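Quick notes on the structure that follows.
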Amino acid sequence: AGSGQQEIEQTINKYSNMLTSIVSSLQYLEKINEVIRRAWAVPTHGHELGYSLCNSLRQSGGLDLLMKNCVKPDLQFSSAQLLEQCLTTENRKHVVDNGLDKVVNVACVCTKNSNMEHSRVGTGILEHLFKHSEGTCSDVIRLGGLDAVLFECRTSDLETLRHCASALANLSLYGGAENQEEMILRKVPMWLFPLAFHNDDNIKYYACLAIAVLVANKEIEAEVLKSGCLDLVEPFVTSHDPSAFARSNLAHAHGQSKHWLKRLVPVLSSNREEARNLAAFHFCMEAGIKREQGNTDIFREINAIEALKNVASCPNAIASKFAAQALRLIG
Ligand SMILES: O=C(O)c1ccc[n+]([C@@H]2O[C@H](COP(=O)([O-])O)[C@@H](O)[C@H]2O)c1
């Protein structure tokens with residue numbers, strides 16, 4: 001099964017072949033979800049094993065099978081559970097292109113029911129589906145995903161609240177102007193406020209991050225400033241260790257994507273001090289991660305360097321130290 005930090009690709013190959021053989025059973029045996037759930041858990045190599053196994057899932061035709069039998073009741077949750085853990089970038093594209101409606105609807109009905117594992121699965125699927133495009137975000141809003149996450153914002157489960165915060169951040173980033181207007185109409189800040197004041201640092205971080213991304217839009221700045229949650233940014237960045245907060249979150253995974261960070265870049269140039277503080281904090285985190293993985297040139301491909309320098313120059317010392325440390329971790 002799963003052991004430790006070694007140089008073994010034989011396990012990648014073994015469990016990929018197991019997965020493809022089980023998937024070939026087309027005309028229950030959803031231990032594929034257990035194997036992938038524990039594959040992502042591998043201490044350091046979990047990213048590689050997970051990506052290779054999800055690619056094996058798509059290539060063996062299993063992704064199409066999941067999207068097909070997710071409108072069948074007896075195989076609904078059993079399949080959606082596995083789909084929440086294999087919504088990689090390529091799989092995300094495949095789903096968005098050849099069956100968004102079914103996946104969105106199964107996530108909605110997973111959140112509608114009282115069983116907590118189902119709600120976790122549904123909120124996670126929605127989170128991952130909000131990381132594609134303005135068009136995809138608009139469509140998911142139309143199909144009722146935003147309503148589901150804003151309803152789950154009232155929950156107690158921690159996994160669900162984390163999925164909800166990450167989903168609202170992803171939507172603030174990938175939505176655009178129209179979708180951010182829609183978010184303000186749905187009173188997104190109202191239900192983000194209960195999350196920003198959470199004790200769990202992940203929920204607070206990503207809720208505040210969605211709020212910061214939202215104040216950057218100069219049309220909704222006031223309504224997002226009525227929340228109150230940006231006044232919780234300065235104590236957080238000044239009391240949290242950028243390297244250690246990375247190790248707890250988004251370090252097992254190789255940080256956020258270059259496109260996620262590209263959406264975040266324009267936050268570095270906002271009117272609000274707290275927005276720039278939090279964006280700088282996040283970039284100082286991602287810079288160290290990317291340096292560990294040798295993908296630092298990303299920050300130049302997204303024209304983040306100009307904004308990082310402009311921020312490292314500005315008077316505000318909270319963001320100046322973070323942006324400067326980020327620039328040194330790149331070159
Ligand atoms: O990136 C990782 O190391 C990782 C760790 C645990 C789970 N995953 C799953 O891999 C998929 C892609 O993750 P992400 O962050 O690119 O949206 C998604 O289904 C995640 O739930 C990914």
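Simple scheme: letters A, B, ... for chains in structure tokens order, numbers from 1 for residues in each chain, numbers from 1 for ligands in the order shown.
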Write out as CSV the residues of chain A that have any atom within 6 Å of an atom of ligand 1, one row each with the nearest atom pair and its distance in Å to one decimal, counting only C-alpha atoms and all ligand atoms, sorted by chain and then rising number.
```
residue,atom,partner,partner_atom_place_in_ligand_line,distance
A:40,CA,ligand 1,6 (C),4.9
A:46,CA,ligand 1,3 (O),6.0
A:47,CA,ligand 1,3 (O),4.0
A:84,CA,ligand 1,19 (O),4.9
A:85,CA,ligand 1,19 (O),3.4
A:86,CA,ligand 1,19 (O),4.0
A:87,CA,ligand 1,19 (O),3.9
A:88,CA,ligand 1,12 (C),3.9
A:128,CA,ligand 1,17 (O),5.3
A:252,CA,ligand 1,3 (O),5.1
A:253,CA,ligand 1,3 (O),3.4
```
Selection file, N, CA and C atoms, as a PDB file, in the first residue's frame:
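This went into part.pdb:
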```pdb
ATOM      1  N   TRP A  40      -3.276  11.030  -2.728  1.00  0.00           N
ATOM      2  CA  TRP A  40      -2.973  12.429  -2.452  1.00  0.00           C
ATOM      3  C   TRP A  40      -2.290  12.603  -1.102  1.00  0.00           C
ATOM      4  N   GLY A  46       2.712  12.906  -2.972  1.00  0.00           N
ATOM      5  CA  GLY A  46       1.285  12.742  -3.183  1.00  0.00           C
ATOM      6  C   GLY A  46       0.764  13.496  -4.388  1.00  0.00           C
ATOM      7  N   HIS A  47       1.348  14.656  -4.688  1.00  0.00           N
ATOM      8  CA  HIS A  47       0.912  15.413  -5.856  1.00  0.00           C
ATOM      9  C   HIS A  47       1.112  14.608  -7.135  1.00  0.00           C
ATOM     10  N   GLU A  84     -14.842  14.554  -6.931  1.00  0.00           N
ATOM     11  CA  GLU A  84     -14.334  15.711  -6.205  1.00  0.00           C
ATOM     12  C   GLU A  84     -12.825  15.645  -6.000  1.00  0.00           C
ATOM     13  N   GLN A  85     -12.237  14.448  -6.017  1.00  0.00           N
ATOM     14  CA  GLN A  85     -10.812  14.277  -5.780  1.00  0.00           C
ATOM     15  C   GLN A  85     -10.013  14.134  -7.062  1.00  0.00           C
ATOM     16  N   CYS A  86     -10.668  14.125  -8.219  1.00  0.00           N
ATOM     17  CA  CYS A  86      -9.983  14.052  -9.503  1.00  0.00           C
ATOM     18  C   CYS A  86     -10.518  15.118 -10.446  1.00  0.00           C
ATOM     19  N   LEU A  87     -10.660  16.329  -9.925  1.00  0.00           N
ATOM     20  CA  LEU A  87     -10.971  17.496 -10.747  1.00  0.00           C
ATOM     21  C   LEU A  87      -9.698  18.305 -10.988  1.00  0.00           C
ATOM     22  N   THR A  88      -8.718  17.627 -11.579  1.00  0.00           N
ATOM     23  CA  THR A  88      -7.494  18.295 -11.987  1.00  0.00           C
ATOM     24  C   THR A  88      -7.806  19.260 -13.130  1.00  0.00           C
ATOM     25  N   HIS A 128     -14.002  23.431  -7.114  1.00  0.00           N
ATOM     26  CA  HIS A 128     -13.138  23.120  -8.250  1.00  0.00           C
ATOM     27  C   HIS A 128     -13.725  23.615  -9.567  1.00  0.00           C
ATOM     28  N   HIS A 252       1.668  20.994   0.336  1.00  0.00           N
ATOM     29  CA  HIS A 252       1.558  19.641  -0.198  1.00  0.00           C
ATOM     30  C   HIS A 252       1.289  19.701  -1.697  1.00  0.00           C
ATOM     31  N   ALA A 253       0.269  20.462  -2.089  1.00  0.00           N
ATOM     32  CA  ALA A 253       0.093  20.864  -3.474  1.00  0.00           C
ATOM     33  C   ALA A 253       1.074  21.976  -3.811  1.00  0.00           C
TER      34      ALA A 253
END
```
Considering only C-alpha atoms, give me a table of residues in region 186-231 of chain A that are at most 8 Å from region 152-172 of chain A, with the closest atom pair and distance in Å for each, as JSON lines.
```
{"residue": "A:191", "atom": "CA", "partner": "A:153", "partner_atom": "CA", "distance": 6.2}
{"residue": "A:192", "atom": "CA", "partner": "A:153", "partner_atom": "CA", "distance": 7.5}
{"residue": "A:194", "atom": "CA", "partner": "A:153", "partner_atom": "CA", "distance": 7.9}
{"residue": "A:195", "atom": "CA", "partner": "A:165", "partner_atom": "CA", "distance": 7.3}
{"residue": "A:202", "atom": "CA", "partner": "A:162", "partner_atom": "CA", "distance": 6.9}
{"residue": "A:203", "atom": "CA", "partner": "A:162", "partner_atom": "CA", "distance": 5.3}
{"residue": "A:206", "atom": "CA", "partner": "A:165", "partner_atom": "CA", "distance": 5.5}
{"residue": "A:207", "atom": "CA", "partner": "A:165", "partner_atom": "CA", "distance": 5.1}
{"residue": "A:209", "atom": "CA", "partner": "A:169", "partner_atom": "CA", "distance": 6.2}
{"residue": "A:210", "atom": "CA", "partner": "A:169", "partner_atom": "CA", "distance": 4.1}
{"residue": "A:211", "atom": "CA", "partner": "A:169", "partner_atom": "CA", "distance": 7.8}
{"residue": "A:213", "atom": "CA", "partner": "A:172", "partner_atom": "CA", "distance": 6.0}
{"residue": "A:214", "atom": "CA", "partner": "A:172", "partner_atom": "CA", "distance": 6.2}
```
Report task. Excluding residue 220 (chain A) and residues on its chain fewer than 4 positions from it, collect all residues at most 12 Å away from it, counting only C-alpha atoms, and give them as a list in words. Result -> residues 172, 177, 178, 179, 180, 181, 182, 183, 184, 185, 187, 188, 189, 211, 212, 213, 214, 215, 216, 224, 225, 226 and 227 of chain A
Query raised in the report: Excluding same-chain residues fewer than 3 positions from residue 39 (chain A), what lies within 12 Å of it counting only C-alpha atoms, as an NGL selection string?
Result: :A and (1-4 or 11-12 or 15-16 or 32-36 or 42-54 or 85-86)
Write the residues you've just listed into a file as a PDB file, in the first residue's frame, and include C-alpha atoms for each of them.
```pdb
ATOM      1  CA  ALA A   1       0.000   0.000   0.000  1.00  0.00           C
ATOM      2  CA  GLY A   2       1.321   3.460   0.937  1.00  0.00           C
ATOM      3  CA  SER A   3       4.666   3.855   2.683  1.00  0.00           C
ATOM      4  CA  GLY A   4       6.916   6.939   2.724  1.00  0.00           C
ATOM      5  CA  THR A  11       3.666   2.199  -7.105  1.00  0.00           C
ATOM      6  CA  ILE A  12       2.500   4.888  -9.538  1.00  0.00           C
ATOM      7  CA  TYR A  15      -2.078   1.601  -8.808  1.00  0.00           C
ATOM      8  CA  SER A  16      -2.609   3.245 -12.195  1.00  0.00           C
ATOM      9  CA  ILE A  32     -10.882   3.827  -6.565  1.00  0.00           C
ATOM     10  CA  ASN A  33     -11.913   6.712  -4.321  1.00  0.00           C
ATOM     11  CA  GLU A  34     -10.118   5.161  -1.341  1.00  0.00           C
ATOM     12  CA  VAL A  35      -6.933   4.575  -3.337  1.00  0.00           C
ATOM     13  CA  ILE A  36      -6.870   8.130  -4.718  1.00  0.00           C
ATOM     14  CA  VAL A  42       1.544  10.498   0.365  1.00  0.00           C
ATOM     15  CA  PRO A  43       3.788  12.857   2.397  1.00  0.00           C
ATOM     16  CA  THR A  44       5.737  14.590  -0.387  1.00  0.00           C
ATOM     17  CA  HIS A  45       5.071  12.619  -3.586  1.00  0.00           C
ATOM     18  CA  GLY A  46       1.285  12.742  -3.183  1.00  0.00           C
ATOM     19  CA  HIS A  47       0.912  15.413  -5.856  1.00  0.00           C
ATOM     20  CA  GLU A  48       2.596  13.285  -8.529  1.00  0.00           C
ATOM     21  CA  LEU A  49       0.771  10.068  -7.615  1.00  0.00           C
ATOM     22  CA  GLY A  50      -2.577  11.857  -7.502  1.00  0.00           C
ATOM     23  CA  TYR A  51      -2.103  13.605 -10.836  1.00  0.00           C
ATOM     24  CA  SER A  52      -0.955  10.411 -12.559  1.00  0.00           C
ATOM     25  CA  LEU A  53      -3.865   8.399 -11.133  1.00  0.00           C
ATOM     26  CA  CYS A  54      -6.439  11.019 -12.141  1.00  0.00           C
ATOM     27  CA  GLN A  85     -10.812  14.277  -5.780  1.00  0.00           C
ATOM     28  CA  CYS A  86      -9.983  14.052  -9.503  1.00  0.00           C
TER      29      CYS A  86
END
```
Requested in this report: Excluding residue 102 (chain A) and residues on its chain fewer than 3 positions from it, collect all residues at most 7 Å away from it, counting only C-alpha atoms, and give them as a ChimeraX atom specification.
Outcome: /A:67,70-71,99,105-106
Please dump the current selection as a PDB file, in the first residue's frame; keep N, CA, C and O atoms.
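Result went into again.pdb, see below:
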```
ATOM      1  N   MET A  67     -19.294  10.814 -15.186  1.00  0.00           N
ATOM      2  CA  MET A  67     -20.258  11.832 -15.596  1.00  0.00           C
ATOM      3  C   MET A  67     -21.552  11.209 -16.104  1.00  0.00           C
ATOM      4  O   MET A  67     -22.615  11.836 -16.029  1.00  0.00           O
ATOM      5  N   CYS A  70     -23.612   9.616 -12.934  1.00  0.00           N
ATOM      6  CA  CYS A  70     -23.945  10.555 -11.868  1.00  0.00           C
ATOM      7  C   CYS A  70     -25.377  11.072 -11.957  1.00  0.00           C
ATOM      8  O   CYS A  70     -25.839  11.735 -11.025  1.00  0.00           O
ATOM      9  N   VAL A  71     -26.095  10.769 -13.047  1.00  0.00           N
ATOM     10  CA  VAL A  71     -27.536  11.009 -13.109  1.00  0.00           C
ATOM     11  C   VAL A  71     -28.336   9.766 -12.737  1.00  0.00           C
ATOM     12  O   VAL A  71     -29.576   9.817 -12.724  1.00  0.00           O
ATOM     13  N   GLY A  99     -20.059  17.951 -20.079  1.00  0.00           N
ATOM     14  CA  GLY A  99     -21.100  17.662 -19.112  1.00  0.00           C
ATOM     15  C   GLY A  99     -21.015  18.461 -17.830  1.00  0.00           C
ATOM     16  O   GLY A  99     -20.786  17.901 -16.753  1.00  0.00           O
ATOM     17  N   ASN A 105     -25.494  19.645 -11.032  1.00  0.00           N
ATOM     18  CA  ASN A 105     -26.744  19.234 -10.405  1.00  0.00           C
ATOM     19  C   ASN A 105     -26.502  18.206  -9.307  1.00  0.00           C
ATOM     20  O   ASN A 105     -27.155  18.249  -8.252  1.00  0.00           O
ATOM     21  N   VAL A 106     -25.572  17.271  -9.529  1.00  0.00           N
ATOM     22  CA  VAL A 106     -25.296  16.287  -8.489  1.00  0.00           C
ATOM     23  C   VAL A 106     -24.640  16.961  -7.292  1.00  0.00           C
ATOM     24  O   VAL A 106     -24.900  16.587  -6.146  1.00  0.00           O
TER      25      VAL A 106
END
```
Query raised in the report: Residues at most 8 Å from residue 138 (chain A), counting only C-alpha atoms, excluding those fewer than 3 positions away in the same chain, as an NGL selection string?
Result: :A and (134-135 or 141-142 or 175 or 179)
Requested in this report: Would you mind listing what lies within 12 Å of residue 282 (chain A) as a VMD selection string, with only C-alpha atoms counted and same-chain residues fewer than 6 positions away left out?
Outcome: chain A and resid 205 to 206 208 to 209 212 233 236 to 237 240 to 243 245 to 246 249 to 250 255 to 256 260 to 261 264 to 265 267 to 268 275 to 276 288 to 289 308 319 322 to 323 325 to 326
Requested in this report: Tell me which of A:14, A:186, A:262, A:58 sits closest to residue 147 (chain A), counting only C-alpha atoms.
Outcome: A:186
**Report entry** helix (DSSP H, G or I) call set, DSSP backbone run, region 218-294 of chain A, as a PyMOL selection string
**Finding:** chain A and resi 221-225+229-239+242-248+258-269+273-292
Query raised in the report: Which is closer to residue 283 (chain A) than all the others in A:248, A:199, A:133, A:320, using only C-alpha atoms?
Result: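 Ranking A:248, A:199, A:133, A:320 by distance to residue 283 (chain A), first place goes to A:320.
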Query raised in the report: Which residue, A:270, A:293, A:310, A:5, has the smallest gap to residue 329 (chain A) when you use only C-alpha atoms?
Result: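 Smallest distance to residue 329 (chain A) is found for A:293.
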Report summary line: residue 271 (chain A) proximity check over A:321, A:300, A:218, A:254, using only C-alpha atoms: winner is A:218
